[PDB]
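One chain follows as structure tokens, the form deposited in one PDB entry.
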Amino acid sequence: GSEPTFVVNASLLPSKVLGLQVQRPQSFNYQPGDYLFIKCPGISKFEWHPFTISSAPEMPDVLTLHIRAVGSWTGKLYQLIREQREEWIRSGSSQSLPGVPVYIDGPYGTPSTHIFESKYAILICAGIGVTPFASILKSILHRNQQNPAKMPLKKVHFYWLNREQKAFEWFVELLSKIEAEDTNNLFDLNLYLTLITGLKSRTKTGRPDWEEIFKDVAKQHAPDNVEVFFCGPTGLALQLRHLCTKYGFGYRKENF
């Protein structure tokens, strides 16, 4: 529930995305995949919008939100931060940067968190739909550095689709640190534009062949259970749903 706090820093990222840092209340506990609702009196004192927490709960003093300017309230928040930041680089640090006051209500849970309790997982996301998976991947890293035993998760298949290639930069560092530190090959990273990421990962092109991919994973893990988690558009969800029934994978209806 409800608690006053501050956007203390922000990040202006490609495809009109704000990388908000928010002072984490001293009593605020979340799980990776959790989201919250946020109110910004400066934009509207009546409106609450939900955003996935892109930070891992192991990061101790701030929450992260990655928000795309897509309409009225996000457009305005973007403009307010662009202008607050351009004005403080023209004026300068006359005094410490003033932090945008906000209300947060949460955390709210999503079935994505069940990944920490699966053996074999498929994560599929498009554009800003990466954000819950961003939180989950960072958490998995803190969790090997501290207790690889307590992890029943044996393989993670990651598919991230984007129409613009500069959107992969939102999380290119995280993807490096995994590429670097995944000596035991827990992860299978796949980036599609719908090698090129300057990653050891070959950025692929076109709509992926989801039948071919689901078949492949089935053969890797059968007869054990694979879980699918999807954050993206419904047309895709619908194709993925049929495919989960075909190859016997777990599906959650989160797309309507």
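Rigid core (definition): largest C-alpha set, two forms, superposition within 1.5 Å. So that there is no doubt, residue numbering starts at 1 and follows the sequence shown.
Unmodelled deposited residues between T194 and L195: 10 or more, per the record. Higher average CA B factor: 142-150, of the stretches 142-150 and 99-107.
Per the PDB record, of the two stretches 181-189 and 120-128, 181-189 carries the greater mean B-factor over its C-alpha atoms. In this entry, the residue among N225, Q220, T52, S201 with the greatest C-alpha B factor is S201. Residue-level inspection of the entry shows that, of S93, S135, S112, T74, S93 has the top Cα B-factor. In the PDB entry, a CA B factor belonging to the highest third of its chain's modelled residues is recorded for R82. Residue-level temperature factors show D34 in the lowest third of its chain, judged at the C-alpha atom. Per the deposited record, the Cα B-factor of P57 falls in the middle third when ranked against the other modelled residues of its chain. Per the PDB record, residue ranking by Cα B-factor puts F171 in the middle third of the chain. In this PDB entry, the Cα temperature factor of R241 sits in the bottom third of its chain's modelled residues, the lowest group.
Here the subject shifts to the form deposited in another entry, a form of this protein not shown in this document.
Only one entry in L137, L161, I104, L77 has its C-alpha moved by 2 angstroms or more between the shown form and the other one when the rigid core is superposed, and that entry is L161. With the core held fixed between the shown form and the other one, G19 has its Cα displaced by under 2 Å. Core-superposed comparison between the shown form and the other one: the C-alpha position of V228 differs by no less than 2 Å. Superposition of the core reveals a Cα shift of less than 2 Å for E87 between the shown form and the other one.
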